[PDB]
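Structure first, commentary second.
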Number of protein chains: 2
Amino acid sequence: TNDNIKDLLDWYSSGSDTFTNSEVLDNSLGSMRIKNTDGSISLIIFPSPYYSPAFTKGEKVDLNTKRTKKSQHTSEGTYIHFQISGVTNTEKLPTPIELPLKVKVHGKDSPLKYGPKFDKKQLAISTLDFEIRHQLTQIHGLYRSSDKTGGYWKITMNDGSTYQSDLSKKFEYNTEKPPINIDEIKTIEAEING
Amino acid sequence: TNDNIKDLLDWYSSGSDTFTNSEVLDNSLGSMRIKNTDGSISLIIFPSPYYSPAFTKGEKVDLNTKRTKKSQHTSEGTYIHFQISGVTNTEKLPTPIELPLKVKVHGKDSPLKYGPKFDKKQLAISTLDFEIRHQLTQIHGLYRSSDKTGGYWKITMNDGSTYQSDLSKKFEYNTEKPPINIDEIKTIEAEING
């Protein structure tokens, strides 16, 4: 594969951070300072004009986010994470739901018809992106060979509205739309090509 | 949490690398040089006296492994990964199997009774460790608060033999036993405490 595809493989196989019921310390309207219940602090940026959380100091939030650079300890010993997007409310569903991924690879529908499970009412579109693409890389070989370097995912809501991303490029954080209610997702489909 | 627990959370939420049908370039008996089908090269160490793959040049292997330090590009442009353990044969099962995790948290059995799915015949014990603990961190809060900082996982085989790890410490790579046939795992259980 070429270097940009290796960069995509690195990003989508580098894990993510999940924190629940973190506390907002400061919201600078495009960036947030948040205290996680393990004592770490997350500094999270929101580059999109369409998704800029407004939660104020003291409110609780959930994080399902990616790091942009290595976490560092301060002189006082506080651990600081540097993240992007992935901040939602703390509302939970009574039991988890699965978001099965319907996947086509080189025009052939895969028999693997499962997906990640979540008990949160709302997820950021970027979170859905990394969960989807992580499954595509791990299970379907996305970015692991020259024949699996592009395609798309598409979410269709119960009301017919859609969200989509091009697998040949990094997720479009700069135009990310606001988080969605996952219980109202109708289907998630993806196709891998090359 | 204390810093060693934050280190564990970092390790178990930093992702992993999955490659299939990679080619052995060199086996130095305790370390291997492997060419992945994306063109990258993996340099993998095997510190255990009990798990030291013997695959020779030209043989095919699978990788389900963790990086020990950042990947680097050489002057010729080759991307090099630095990994530990996680090398198996390429044998596949006809359909994937699930390795459900039975989880107890603070003495209470969790209702979440699912696990990761694999279509490989064999997995290294370290791979099982990171898959198990990743699920424990993400879904059950392991390492995310002072009340969830220890416990164990235990694999029981159909023949009654067992494998186990202490969640309060890093996986014991230095004494890792050889890979196991996952179709003969009877149960995987874990308990989280603090």
Side-chain angles (χ1 to χ4, degrees), chain A residues 138, chain B residues 4 7-8 11-12 14-22 24 26-34 42-56 59-68 81-93 96-104 115-137 142-143 150-192:
Chain A
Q138 200 166 256
Chain B
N4 89 121
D7 289 337
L8 288 169
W11 178 262
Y12 292 105
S14 65
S16 66
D17 297 316
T18 306
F19 292 99
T20 46
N21 216 43
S22 299
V24 179
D26 194 7
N27 188 344
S28 298
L29 311 186
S31 62
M32 296 178 75
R33 178 167 48 91
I34 293 160
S42 285
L43 303 181
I44 312 194
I45 61 169
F46 296 89
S48 179
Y50 313 113
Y51 168 43
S52 198
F55 300 100
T56 55
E59 293 199 279
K60 305 302 193 181
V61 293
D62 283 347
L63 281 52
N64 298 69
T65 190
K66 300 281 277 182
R67 292 178 202 194
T68 57
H81 302 297
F82 306 94
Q83 295 150 327
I84 182 164
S85 186
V87 170
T88 55
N89 68 43
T90 62
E91 295 182 27
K92 301 288 182 278
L93 303 166
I97 66 167
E98 186 176 15
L99 301 178
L101 273 182
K102 296 184 303 179
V103 186
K104 193 186 303 299
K117 293 175 182 181
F118 303 93
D119 70 351
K120 283 173 54 51
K121 183 77 148 59
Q122 173 180 87
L123 291 180
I125 304 172
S126 60
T127 302
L128 288 158
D129 173 74
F130 70 72
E131 291 284 340
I132 292 164
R133 300 203 203 185
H134 166 66
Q135 185 166 324
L136 299 181
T137 67
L142 181 67
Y143 309 138
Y152 69 95
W153 61 252
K154 183 183 179 187
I155 293 171
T156 303
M157 305 304 287
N158 286 342
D159 71 3
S161 62
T162 66
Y163 302 88
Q164 51 285 137
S165 188
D166 181 341
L167 304 175
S168 69
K169 305 176 180 299
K170 309 174 183 182
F171 181 71
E172 294 184 12
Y173 282 101
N174 294 339
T175 59
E176 185 178 358
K177 300 306 180 291
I180 65 173
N181 283 1
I182 66 162
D183 62 340
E184 291 192 284
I185 292 169
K186 184 176 75 166
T187 59
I188 310 187
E189 58 197 303
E191 299 189 20
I192 296 172

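In what follows, every chain begins at residue 1, and chains take the letters A, B, ... in the order their sequences are listed. Reckoned from all heavy atoms, side chains included, excluding hydrogens, waters and symmetry mates.
No side-chain heavy atom of B/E189 sits under 4.5 Å from any side-chain heavy atom of B/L101. Counting heavy atoms from C-beta on, the side chains of B/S16 and B/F130 come closer than 4.5 Å. Proximity of B/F19 to B/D62: side-chain heavy atoms (C-beta onward) are nowhere separated by under 4.5 Å. Here the side chains of B/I155 and B/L128 are in contact, with some heavy-atom distance below 4.5 Å.
Taking every heavy atom of both residues into account, B/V24 and B/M32 meet most closely at CG2-CE, 3.7 Å. Among all heavy-atom pairs drawn from B/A54 and B/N27, the shortest one is C-ND2, 3.4 Å. The nearest pair of heavy atoms linking B/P116 to B/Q135 is CD-OE1, 3.6 Å. Taking both residues in full, the closest heavy atoms of B/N89 and B/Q122 are given as N-OE1, 2.9 Å, listed atom of the first, atom of the second, then distance. Of all heavy-atom pairs spanning B/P179 and B/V87, the tightest one is CG-O, 4.2 Å. Contact record, B/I182 with B/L99: O-CD2, 4.0 Å, taken as the closest heavy-atom pair.
For B/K177, the NZ atom counts as densely surrounded, since its 6.0 Å shell holds more than 12 non-hydrogen atoms of other residues, nucleotides or ligands. Counting non-hydrogen atoms of neighbouring residues, nucleotides and ligands closer than 6.0 angstrom, the NZ atom of B/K104 exceeds 12 such neighbours.
Screening B/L136, B/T137, B/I132 against B/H134 for a side-chain contact (heavy atoms from CB on, under 4.5 Å) leaves a single residue, B/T137. Residue B/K120 forms a side-chain contact (heavy atoms from CB on, under 4.5 Å) with just one option from B/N64, B/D183, B/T20, B/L93, and that option is B/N64. Each of B/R67, B/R33, B/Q83 was scored for a side-chain hydrogen bond (donor to acceptor under 3.5 Å, both in side chains) with B/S42, with one residue passing: B/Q83.
B/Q164 and B/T162 share a donor-acceptor pair across their side chains, judged by distance under 3.5 Å alone. If you check the side chains of B/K60 and B/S22, you find no donor sitting under 3.5 Å from an acceptor. In this model, no donor atom of one side chain and acceptor atom of the other lie less than 3.5 Å apart for B/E172 and B/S165. Under 3.5 Å, the side chains of B/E176 and B/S126 contain a donor-acceptor pair of N or O atoms.
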Full working for side chain to side chain contact (heavy atoms under 4.5 Å, CB included) between B/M157 and B/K186 = CA-CA 5 Å; B/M157 305 304 287; B/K186 184 176 75 166; 6.0 Å; no

Carefully, step by step, assess B/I34 and B/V61 under the rule side chain to side chain contact (heavy atoms under 4.5 Å, CB included).
-> CA-CA 9 Å; B/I34 293 160; B/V61 293; 4.2 Å; yes

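B/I45 pairs by the side chain to side chain contact (heavy atoms under 4.5 Å, CB included) definition with B/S31, B/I84, not counting sequence neighbours. The salt bridge (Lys or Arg N to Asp or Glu O under 4.0 Å) test applied to B/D129 returns B/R133, not counting sequence neighbours.
The backbone N or O of B/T90 lies less than 3.5 Å from a partner atom in the side chain of B/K92, making a donor-acceptor pair. For B/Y143 (side chain) and B/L167 (main-chain N/O), a donor-acceptor pair under 3.5 Å exists by modelled atom type. In this structure, the side chain of B/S48 engages the main chain of B/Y50 through a donor-acceptor pair within 3.5 Å.
The aromatic ring centres of B/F46 and B/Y51 sit less than 6.0 Å apart.
Remark: B/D17 does not engage B/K66 in a salt bridge, criterion side-chain N to carboxylate O under 4.0 Å.
Taking the six-membered ring for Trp and thresholds of 30 and 60 degrees, B/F171 and B/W153 have nearly parallel ring planes, at less than 30 degrees apart.
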